[PDB]
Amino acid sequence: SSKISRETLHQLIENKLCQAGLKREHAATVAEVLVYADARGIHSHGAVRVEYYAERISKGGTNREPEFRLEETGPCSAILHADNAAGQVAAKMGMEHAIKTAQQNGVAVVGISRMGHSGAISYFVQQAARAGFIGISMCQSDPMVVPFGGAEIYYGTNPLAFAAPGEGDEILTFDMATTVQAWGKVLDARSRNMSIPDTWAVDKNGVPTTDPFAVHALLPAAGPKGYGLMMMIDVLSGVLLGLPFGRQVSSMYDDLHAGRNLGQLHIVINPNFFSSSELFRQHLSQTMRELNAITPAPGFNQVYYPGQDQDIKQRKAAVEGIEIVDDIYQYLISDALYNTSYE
């Protein structure tokens, strides 16, 4: 394993995505959202995804000339038609509009209609926080989860993200998928014959397993609860947006030449429209401080506030760089667009 500066990694990704077809302005936005993930230790959403993105952009499955349209439907609501643009581009754009609206009218609910994969969604809610607002976000994902007590796939790992401002540079960020584990993990254990916890995934019959090769679908986190959340996220970023929903949602490998048509929903709340933002920021910082002060149980060195472990990594990254798997580096500096295909 190697470590590289944020800037070099940003450029490598940006150049790669340009070379595959995106306008540079687009490639650079995608890149920034990926570098963000890696600096926070979220490698699953980092530079490892560049090769698959390039293959898709290259084949027209991500729109390189999107026809954006921001349809404002009311004082605090709006839909950003993204014409299947890269999810990072679409979602950042949508959130910017939301921030604008909430800044003026206290609140904003903005839909992102027909986009590709937008990345670690904590990046978008952090936009809001850096602007001093509470930010909430969620989106649909590839079908991969059985409902509670079920044996067929229906919903995706539909993530939900949240972020709120503290004092100074302090931001509280919480991100979470609705399944116990992420499918990628099942594939890794697939790599190394390695076995897996009986809570991660279920088989074709819906029975849990320790055999990653026997896995057919993931399980919802905390059973009925995760299941209800993913359904909720599907209702808020899909059905509400008239987009495909549930098992109709496109999957990554369906058709690299076709837009994903995914939906995303942002909610922004301006604390000034509810009470002192100054006391809001002071109390969020106080929350951070207290939780972190709590006596840890055996097996723990400390108690971290939600997302703190990622904040620490992000800070270190801005100084020592970002860790990147050597193969990815070699892929980035090579001339290939994609070696292994997702066809």
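When you see a residue number, it is the position in the sequence shown, counting from 1.
**OP:** Quick one: say whether 68-76 or 82-90 has the higher mean Cα B-factor in the deposited entry.
**Re:** That would be 68-76.
**OP:** Using only the Cα atoms and their B-factors as the entry lists them, report which of 243-251 and 202-210 averages higher.
**Re:** So the stretch with the higher mean C-alpha B-factor is 202-210.
Original post:
Out of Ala128, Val109, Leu187, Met231, which residue has the highest Cα temperature factor in the PDB record?
Top reply: Highest C-alpha B-factor among the listed options: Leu187.
**OP:** Kindly indicate the residue among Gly116, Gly135, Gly168, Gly156 with the greatest C-alpha B-factor in the PDB record.
**Re:** That would be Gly168, according to the entry.
Subject >> Record-listed C-alpha B factor of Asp142: chain third >> reply: As the PDB entry reports it, the C-alpha B-factor of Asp142 lands in the lowest third of its chain.
Original post:
What third of its chain's C-alpha B-factors does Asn301 belong to: lowest, middle or highest?
Top reply: As the PDB entry reports it, the C-alpha B-factor of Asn301 lands in the highest third of its chain.
**OP:** Within this chain's modelled residues, let me know which third the CA B factor of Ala222 belongs to: lowest, middle or highest.
**Re:** It belongs to the middle third of the chain when residues are ordered by C-alpha B-factor.
Original post:
Taking the C-alpha B-factors as the PDB entry records them, is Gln264 in the lowest, middle or highest third of its chain?
Top reply: Answer is lowest: the recorded C-alpha B-factor places it there.
Original post:
Which third, lowest, middle or highest, does the CA B-factor of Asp38 fall in along this chain?
Top reply: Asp38: CA B-factor falls in the lowest third of its chain.
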